Amino acid sequence: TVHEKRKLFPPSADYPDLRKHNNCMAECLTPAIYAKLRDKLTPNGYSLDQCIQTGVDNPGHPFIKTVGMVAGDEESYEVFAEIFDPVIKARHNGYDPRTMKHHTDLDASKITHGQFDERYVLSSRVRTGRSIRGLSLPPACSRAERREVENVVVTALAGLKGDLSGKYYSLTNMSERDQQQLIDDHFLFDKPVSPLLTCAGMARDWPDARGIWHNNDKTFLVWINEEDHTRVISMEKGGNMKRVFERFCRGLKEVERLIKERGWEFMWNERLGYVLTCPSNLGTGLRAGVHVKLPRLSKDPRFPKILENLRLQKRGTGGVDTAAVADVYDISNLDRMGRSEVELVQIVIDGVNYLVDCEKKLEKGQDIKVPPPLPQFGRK
Amino acid sequence: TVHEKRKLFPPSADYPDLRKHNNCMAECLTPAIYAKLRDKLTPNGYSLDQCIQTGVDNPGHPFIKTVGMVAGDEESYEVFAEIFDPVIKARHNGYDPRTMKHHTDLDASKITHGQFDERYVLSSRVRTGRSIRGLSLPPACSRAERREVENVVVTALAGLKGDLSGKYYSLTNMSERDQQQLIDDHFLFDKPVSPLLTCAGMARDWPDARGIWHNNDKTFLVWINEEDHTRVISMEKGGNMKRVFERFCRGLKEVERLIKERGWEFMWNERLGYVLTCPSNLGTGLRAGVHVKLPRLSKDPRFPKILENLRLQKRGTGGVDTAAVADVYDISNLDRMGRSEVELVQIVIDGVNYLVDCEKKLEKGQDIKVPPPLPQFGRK
Amino acid sequence: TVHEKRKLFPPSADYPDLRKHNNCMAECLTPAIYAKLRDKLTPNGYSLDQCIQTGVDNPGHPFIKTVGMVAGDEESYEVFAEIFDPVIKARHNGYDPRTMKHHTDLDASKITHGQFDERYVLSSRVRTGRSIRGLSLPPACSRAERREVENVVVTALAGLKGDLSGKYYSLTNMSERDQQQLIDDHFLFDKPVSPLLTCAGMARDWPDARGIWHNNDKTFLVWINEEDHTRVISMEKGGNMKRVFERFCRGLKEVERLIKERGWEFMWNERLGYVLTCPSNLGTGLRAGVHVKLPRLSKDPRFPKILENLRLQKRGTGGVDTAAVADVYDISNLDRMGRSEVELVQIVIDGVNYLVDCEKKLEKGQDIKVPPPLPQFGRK
Amino acid sequence: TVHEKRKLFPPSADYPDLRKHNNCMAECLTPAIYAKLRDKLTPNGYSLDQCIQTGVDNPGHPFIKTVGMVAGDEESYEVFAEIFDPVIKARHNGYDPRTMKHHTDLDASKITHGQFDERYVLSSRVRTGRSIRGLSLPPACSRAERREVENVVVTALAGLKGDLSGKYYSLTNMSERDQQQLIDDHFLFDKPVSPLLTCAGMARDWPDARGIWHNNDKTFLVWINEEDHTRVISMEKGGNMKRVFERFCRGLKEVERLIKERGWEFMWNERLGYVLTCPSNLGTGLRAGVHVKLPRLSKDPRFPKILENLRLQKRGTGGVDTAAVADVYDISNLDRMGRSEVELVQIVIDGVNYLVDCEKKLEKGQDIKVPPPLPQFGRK
Amino acid sequence: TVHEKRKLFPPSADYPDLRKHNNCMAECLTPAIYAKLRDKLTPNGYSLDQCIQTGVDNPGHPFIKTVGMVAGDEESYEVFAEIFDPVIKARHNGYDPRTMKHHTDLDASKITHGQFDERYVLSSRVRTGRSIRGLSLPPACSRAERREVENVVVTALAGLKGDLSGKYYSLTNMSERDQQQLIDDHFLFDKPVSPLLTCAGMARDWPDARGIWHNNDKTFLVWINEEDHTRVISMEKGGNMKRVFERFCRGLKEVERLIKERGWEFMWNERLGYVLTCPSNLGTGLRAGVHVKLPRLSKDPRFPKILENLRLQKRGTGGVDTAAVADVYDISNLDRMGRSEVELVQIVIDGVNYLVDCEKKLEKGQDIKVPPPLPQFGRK
């Protein structure tokens, strides 16, 4: 097997001081695993030390724990499995890549109906990440590799047509008009600032080879080379979730078609699903969610337990407008690895609908209840 | 010679986009140098790409240019000389490590007199950096290497005695009392924030193996493992510069004595002088300076040209008190590589004295003048 | 183990654009197979890229289905099996080298009704190809290797005696006398022109080390170093197929005897049979056929289905028909890998006899029929 | 450090039979050179055998100088200098890369009489070629390398602006209209047919990554990936040679500017000048010429000797269709390595003007003469 | 490595011409075995070609069993088993080292009644070879290895005491006196002359490190470094075979004791028994035999078949001559590998006794018979 020059000191002399740390990496690393893995390199030379760095640099918090490590390349998940497999099992409470397999399901047809009450649901969004096989992930990828990801994906997207055609904007050389316009649409991103990311080397050479592409009527977003090879997003106003999903699956199948045509594949394997740079997004990499207006259920102290039981999670809107963040919430699927992409989108469909129904109930006085909790895993 | 796995793409495909950059690295890098050096590694494996990263990530500014690269290890200056030698020649306007040699002079005796007017000079300071040979510099050093630097230097310091004895405080485990006390004395530092440093990987594993040591009457400071293996500082209140220097040289000679006793040396070579991690601090690594109160000369529009001619540079005080930063300036030596440590300290002695004399002149009405400019280089 | 520092780009960047291609190679190649195999070399250094080149250079036309790749050496079939095995299974509709074995049977003392009605059967030919083990096939073989093939085979042939003795003509320095004579006999060949062959590098160094050998009464032809190490023809006028075959097997057994005597073997393995440079001629490499005069059955619209059922094919002299009311066809065996050499020759014996009988039938008015179709495979 | 040791036979067993050959390769190869070089590889693995192949396959004809070998990569000229240096010296009658240096000079200001009498001088054009450093030349370059050449050059060209802006047409996907239009303009090329080229492997993977780019008013042509990385052409109607050259130098300087900006250089060295794939096009790669109408001087039997003395050559280029009119001639510079690009263009300016003047003379009866012959080399 | 660029021509080009050969090597070698084994080396570098050389050089004659090959070192039997295993099975008609094991038994007790008619038998002897493990056999052993065999064995013998003590004579400088004395005793040997041996490189550096040792009353002979590391000989006058054997086993056990004491072992393995340099002397290496006077049975034409059935073998006493009768006979055991050392000595005891009894019979007129043939193998 391939070995580090890091043969310099006894590996234990290189052990991190993780005493005050609470992240899944620190929580799962042991003197023995560290010693065993220190000088094992991936084919391209990513090292265990580089995986775990952000987790050593960022002690995190007790209440919200973070993963604490990162994959430089696809082989990282395999070369350093002896530390990734536990971290994954911890982060996706239960799912054990050692023993379980993962089923991908992108047949929108199976979602026969998903329409939300447009009086409460202000908008609907489905995102995921895809990684191009053969090029290193962002913590590691050289400029040339990063450039190639942009080149592969942009050519692919440029061959999309119909409602899925659109244009590409290069962060490196775009006019002030393009800039502001993308700011108003809320399609723009820029250099990461979270030490969780930047301390994992994901902000190198900014903004070289990053860019935004969206279809012409702004319902399909692809972010190239941000915190992952691609983040693909289907979002729409209103609450026609089934249509949002139907396009997500459609653009994802047509993009994969066109990259395979020129010879490239997506990284995917049966025990991890769709390989992405952060362990927390393995499996489906999917976040289906809605902007709900939920003032009554919001104040009820059974909100959290209903949420928890429905396997949904709630976060803030943040960016305001006539969209008064005060009333509005960001309710999305909690799971990522247990279930298929269909299974997860249906979870959001049902859970959100219930949430809406409970808001209605509490408006008409009559009281709601807490539904019996979903299983953490899916079928098959 | 030793080679990178980075054989992946043609090196030119890996060339940085330095179009909007103004730092000495961007200014001096060329397609040919890049191609020639990309896959050359140092003995421990530092790569040209890691040297130049901060300079690629930080476009800098036209008015104040920065160096734009960094040395991971001592061999970096030699392995990648074809890009360091120009950058050095540019930053130390003139000094060409290819053609010139550098003389170190730590004989305080040669400074027969340096007393400042304690009505104007509020305090006097001489700092420099030393790097322990055999362990990688901060951009590169593994935790174990970083730990060893701390271990070598602290043992050394612990054998200092007399007015040079003191104690060591470990950033990783110090009481809130020690903390605040070091804050009041102004001896404390913590995790770098400048992207110039942090994007060069100098903040990894913070605060592991960093610490402050100072002598018992707080006139000799050593910072271990901050932005260099050691930053040694002799500072005193008032203006007895000659005494400040006499101790600086004394502590520096006794420390080198004690590390050589256990088998370690300082990195030093004849064309670069004292090797440190940032090219701008080669040669002497020395900053001798004073906090002057200079209200009259400050307002005179001949201040800058007197400064420039005296080879001094002026910066801000910043941290205030009864020390009202408004009146007070930070006048220090401009050069770093042309001259010896003695030569440079004398430059500050003379230049500051002149500066003080000019302030006096303008108080008594009578007008000052601009002295004829010093040569950029020293003797021998 | 197998690899190559062709690692110059990621392999996918090297994927052929096979979008407008219809050949068995293009039809079966996949981004994954390509990526897996690109940098695997054969013992002598043949590369997957060289195998598939002709197939990349020659897209095709949906009419004629072609193979689209080639074997440089014997190890190619094994090293790049992951693409050869499917291509073989496709070309020899069904035969799967992964799962099946192949039986060779050169015993003419088995073949029965081997005289045709010379009224109708005008000539009888039987050809196959043999490759000398230890030397590279024509797409790859260096001049020295090519020379050695000629040397091994010519010495062997020179020791044939009886009705199997004859002489050898080197294409290199050959009299216009011997040239024209070989043209009249129709024994001559020269530099390939089909881009299928020439783009596979089979015309290099022409005519070095090529030559024709035939027995003294011109019923045994051996072509040395044309589009295969050897191609041995037994052909005779008339229709005594059994005798034609009896000599084919006799010359093939005596040649193999004499090469084994000097230490050389024929390339042969149990899952592929007799290894030759083009996948389509694997197994038996055998083409037993007859020039028949078949004017009646020719016009009948049951000809094709009788042919198909009898497992034969028409390549009538001059395209496949011609501007000829001559009605003389090149009816030959369809299969090449299912069956043994004996099995295949008997297929032609029976099928041709039936064909002749049907012609007779339609002459005497009385109508023919379509025989029940042969199985695609043989015994054992 | 790269060494084939094919060593499947002692190298002499691999010597080509060049007995009936007349090309500069055959003329200069010797048993000893062959044996010395056979198993030496270039960094990327080009072999002497691949260099000389076309020359082995194409004995050529004793009337026309043909070189007989080819360079797979830039290193070929250096690794196999022991056979290239003589071939070059023979080809460019005299110029010896071993002993001489070559001066490039694209200062088109320097030219003077570039305004031919536009009633005989129909056409003016000037073509050179450029090769991108870091990527293999056409005989060798993998699809990925070939793709990269197209990518580097097209981006470069896309940043040309002014009279030098235009558009790019890809052989792979250009419309029926794009096609015929480029045929009428006479900008189109397609798959080489000369065995001199195709037998050197310059037609592989056709038409992948080839394309035509021209400026908007069709006076600057760039052919990408035909028989060289780029073949760049400035041509104009009429006879304003100085202007044609002024743009040639202008486009060549702006293209080199824009590739250097992204990190790529042109292959060039001091003893060979601008490295290109065929030895005959070394030095300047330049071909400045005019379509002249010269009916009188054409019939005079001093034409050839005037031509020879003036260092020009004549051809009649294109197709049967137009060869109807033998009034016109393609008179171009003979040299390619002796002189600089300026020196050579001036040679055509002077020589053509003289040629025109002689035509005039013979019209007015009065007789011409043969000018005293130019030296074969240039200045410096 | 254990692999050579004897990869120079294809191994088949190196195949011996064994057409006119009849030795067990030629009889068993095949193009395939040769090709497979040519470039496999033993740990010390013995090659298949060196094994089989004598057999290529000496065709033999079609009735005498010559092996045709030789082992350079112990590993030869293992590295080149694919040719040795058949040769062994052929030589020792039946015994197959692949499938069978071999039992050694030097317990002379088991030899109970072994006293011959001392009026017919004049002499009795048993010899064997032993090879010292760790040093190469004679075809291969360097002078230093050969020297070491002599040193190990001589020291061992020098520690023999009792009736087994004696002295050692070195051919390198053995005085006139000792020479003739050893000639009269018939203990002397000198440089081999048989091309079977000398063409196997067994006569190199003669007589360096050869020598004779015998016990003081000349009943135990050891020949050092002749055609095997040791040849050990117990011989006595008369016919007390049991005593001859009792000492053979006694000296063999005491010698092995004393070499094991200094750290050396005898080469022995379970499928071949006692490894020696010629395949024919594997197993027991044993030759127990007697000089019989047999004039009557000699003339009887049932002698041969009695011999054959008894597993004996006739050897006309004729190497050293001593006024011999036409009735003195060397009758010895035929087998070497089937049976144990005890089993074989008993075979000679019984068979010779029978032979003697038959001579007696024919003296007293009364007729003998042919005993029913022994099985070719032994027990266990």
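Residues numbered from 1 in each chain as written, not as in the entry; some residues may be left out. Chains lettered and ligands numbered in written order. Part of a larger assembly, values for the part shown. Heavy atoms only, no water.

Caption draft 1: Here's a closer look at the overall build of chain A. Helix and strand counts for chain A come out as 13 helices and eight strands. Its C-alpha atoms give chain A a radius of gyration of 21 Å, within 12% of the compact-globule value 21 Å for 380 residues. Relative to its full complement of 380 residues, chain A shows a buried share of 57%. Taking the contacts inside chain A whose residues are at least 6 apart along the sequence as the reference set, 75% of them involve residues at least 24 apart. For chain A, the exposed surface amounts to about 15600 Å²; the carbon and sulfur share of it is 55%. Both charge centroids of chain A, one from 57 positive and one from 53 negative side chains, sit 3 Å from each other. (Helix = DSSP H or I, 4+ residues; strand = E, 2+ residues; numbered from the N terminus. Rg over C-alpha atoms; globule rule 2.2 N^0.38 Å. Buried < 20%, exposed > 50% of the residue type's maximum accessible area, 1.4 Å probe, protein only. Contact = heavy atoms within 4.5 Å. Areas by Shrake-Rupley, 256 points an atom, 1.4 Å probe, with all protein chains shown as cover. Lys, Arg positive; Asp, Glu negative; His and termini not counted. Charge placed at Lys NZ, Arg CZ, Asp CG, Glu CD.)

Caption draft 2: Structural view of the relation of the copies chain C and chain B. Once chain C is rotated about the relating axis by 179° and shifted along it by 0.0 Å, it coincides with chain B to within an RMSD of 1.7 Å. This pairing of chains is accounted for by a two-fold axis. Mapped onto chain B, 100% of the interface residues of chain C again fall at the interface, so both copies present the same surface. (Least-squares fit on C-alpha atoms.)

Caption draft 3: Local environment of the relation of the copies chain A and chain B. Rotating chain A by 180° and translating it 0.0 Å along the rotation axis places it on chain B, where the RMSD comes to 0.0 Å. Counting the interface residues of chain A, we find that 100% of their copies in chain B are interface residues as well, pointing to one common contact surface.

Caption draft 4: Local environment of the interface of chain C and chain B. Taken together, the contacts link four residues of chain C with four residues of chain B. Taken together, both faces of the contact between chain C and chain B bury some 350 Å²; the carbon and sulfur share is 73%. Looking at the side of chain C facing chain B, the largest losses of area belong to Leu8, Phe9 and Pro10 of chain C, adding up to 82% of the total buried there. At the boundary of chain C and chain B, one finds one residue pair in polar contact. Residue composition of the side of chain C that touches chain B, by class: three nonpolar, no polar and one charged. (Buried area = accessible area lost by both parts, 1.4 Å probe. Polar contact = N/O pair within 3.5 Å; in protein donor to acceptor, adjacent residues only side chain to side chain. Nonpolar A, V, L, I, M, F, W, Y, C, P; charged D, E, K, R; others polar.)

Caption draft 5: The arrangement of the nonpolar core in detail. Within the largest apolar cluster, 123 residues are counted, with the highest numbers of intra-cluster contacts made by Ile331 and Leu355 of chain A together with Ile331 and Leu355 of chain D. For this core, the element with the highest residue contribution is helix α13 (residues 341–363) of chain D, accounting for eleven residues. Grouped together as the second largest cluster of nonpolar side chains are 61 residues, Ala144, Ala156, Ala288 and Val348 of chain C included. (Core = buried A, V, L, I, M, F, W, Y, C linked by side-chain atoms within 4.5 Å.)

Caption draft 6: Looking closely at helix α13 (residues 341–363) of chain A. When the terminal C-alpha atoms of α13 of chain A are compared, their 33 Å separation across 23 residues agrees well with the 33 Å that a helix rising 1.5 Å per residue should span. Positive phi shows up at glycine 365 of chain A, right after α13 of chain A, with a value of about 80°. (Expected span 1.5 Å × (residues − 1).)

Caption draft 7: A look at the packing of aromatic side chains. On inspection of all chains with the given rule, the structure shows 47 aromatic pairs over all chains. Considering the side-chain rings of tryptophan 213 of chain A and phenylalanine 220 of chain A, the 6.0 Å spacing of their centres and the 90° angle between planes classify their relative orientation as edge-to-face. Assigned by exposure class, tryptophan 213 of chain A and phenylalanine 220 of chain A land together as buried. Through a chain of ring-to-ring contacts, three or more aromatic side chains come together here, namely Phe189, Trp206 and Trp223 of chain A. The cationic tip of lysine 167 of chain D hangs over the ring face of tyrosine 169 of chain D; the distance from NZ or CZ to the ring centre is 4.0 Å. (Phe/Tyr/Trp six-rings, centres within 6.5 Å; stacked < 30°, edge-to-face > 60°. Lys NZ or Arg CZ within 6 Å of the ring centre and 35° of its normal.)

Caption draft 8: Quick peek at the UniProt feature "domain: Phosphagen kinase C-terminal" in chain A. UniProt's entry tags residues 120–362 of chain A with the feature "domain: Phosphagen kinase C-terminal", counted in the numbering of this structure. Helix makes up 35% of residues 120–362 of chain A and strand makes up 21%, while its end C-alpha atoms are separated by 14 Å. (UniProt positions renumbered as here; feature names shortened; annotations may be inferred.)

Caption draft 9: Looking closely at the interface of chain A and chain B. Chain A puts 37 residues into the contact, and the matching count from chain B is 37 residues. Taking both sides of the interface into account, the surface hidden between chain A and chain B amounts to around 2500 Å²; carbon and sulfur atoms contribute 40%. The three residues of chain A that bury the most area against chain B are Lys5, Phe9 and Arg143 of chain A, which together make up 23% of that side's buried surface. Of the charged contacts, one joins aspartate 49 of chain A and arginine 143 of chain B as a salt bridge, the two residues approaching to 2.9 Å between their closest N and O atoms. Our count for the chain A to chain B interface comes out at 20 residue pairs in polar contact. For the side of chain A that touches chain B, the leading source of residues is helix α7 (residues 143–158) of chain A, giving five residues. The residue inventory of the side of chain A that touches chain B, partitioned by class, reads 14 nonpolar, seven polar and 16 charged. (Salt bridge = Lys/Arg side-chain N within 4 Å of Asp/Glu carboxyl O.)

Caption draft 10: Examining the side chain of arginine 339 of chain B more closely. Residues and elements named next belong to chain B. Locating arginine 339 in the fold gives a position in the loop between β8 (328–333) and α13 (341–363). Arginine 339 sits in the buried class, given a relative accessible area of 4%. A polar contact of 3.1 Å, which involves the side chain of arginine 339, links it to the side chain of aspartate 335. Filtering out sequence-adjacent residues up to four positions away, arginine 339 remains in contact with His102, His103, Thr284, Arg311, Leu344, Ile347, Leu374, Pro375, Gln376, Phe377 and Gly378.

Caption draft 11: The arrangement of the sheet that holds strand β4 (residues 220–224) of chain A in detail. Residues and elements named next belong to chain A. Pairing is antiparallel in the open sheet, where eight strands are placed in the order β2-β3-β4-β5-β1-β6-β8-β7. Every interior strand has two partners, whereas the edge strands, β2 (166–170) and β7 (312–315), have only one. Within this sheet the neighbouring strands show an average axis-to-axis angle of 20°, counted without direction. Summarising the sheet, strand β6 (residues 287–293) and strand β8 (residues 328–333) pair through five bridges and their orientation is antiparallel. Bridging across to β8, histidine 291 finds its partner in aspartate 330. (Pairing = 2+ DSSP bridges. Axes fitted to C-alpha atoms, helices over the stretch in contact; angles between N-to-C directions.)

Caption draft 12: Expanded view of the domain arrangement of chain A. Residues and elements named next belong to chain A. The domain boundaries assigned to chain A delineate domain 1 (1–98) and domain 2 (101–379). Its C-alpha centre places domain 1 at a distance of 27 Å from the equivalent point of domain 2. With 24 residues of domain 1 in contact, the opposing surface of domain 2 contributes 27 residues. The contact between domain 1 and domain 2 buries some 2200 Å² in all, and 60% of this surface belongs to carbon and sulfur atoms. Per-residue buried area on domain 1 facing domain 2 is highest for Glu74, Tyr77 and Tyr95; these three make up 31% of the total on that side. (Domains from an automatic or database assignment.)

Caption draft 13: The arrangement of the pattern of salt bridges in detail. Following the criterion strictly, the structure yields 214 salt bridges over all chains and no others. Here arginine 311 of chain D and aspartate 335 of chain D are joined by a salt bridge, their closest N and O atoms 2.9 Å apart. Linking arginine 311 of chain D in the loop between α12 (303–310) and β7 (312–315) with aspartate 335 of chain D in the loop between β8 (328–333) and α13, this pair joins segments that are 24 residues apart in sequence. Comparing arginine 311 of chain D with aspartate 335 of chain D, the two get one shared label, buried. The partner of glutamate 236 of chain E in a salt bridge is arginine 243 of chain E, and the shortest N-O contact between them spans 3.0 Å. A relative accessible area of 12% places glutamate 236 of chain E in the buried class.

Caption draft 14: Main features of the sheet that holds strand β1 (residues 121–130) of chain D. All names here are of chain D. Strand order in the open sheet made by the eight strands is β2-β3-β4-β5-β1-β6-β8-β7, with antiparallel pairing throughout. In the strand order of this sheet, the two ends are held by β2 (166–170) and β7, each with one partner. For this sheet the average axis-to-axis angle between neighbouring strands, irrespective of direction, equals 20°. Note that β7 and β8 share four bridges and pair antiparallel. Within β8, the position partnered with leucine 312 by the bridge is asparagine 333. On the sheet, α12 packs against β7 and β8 and is oriented at approximately 130° with respect to β7.

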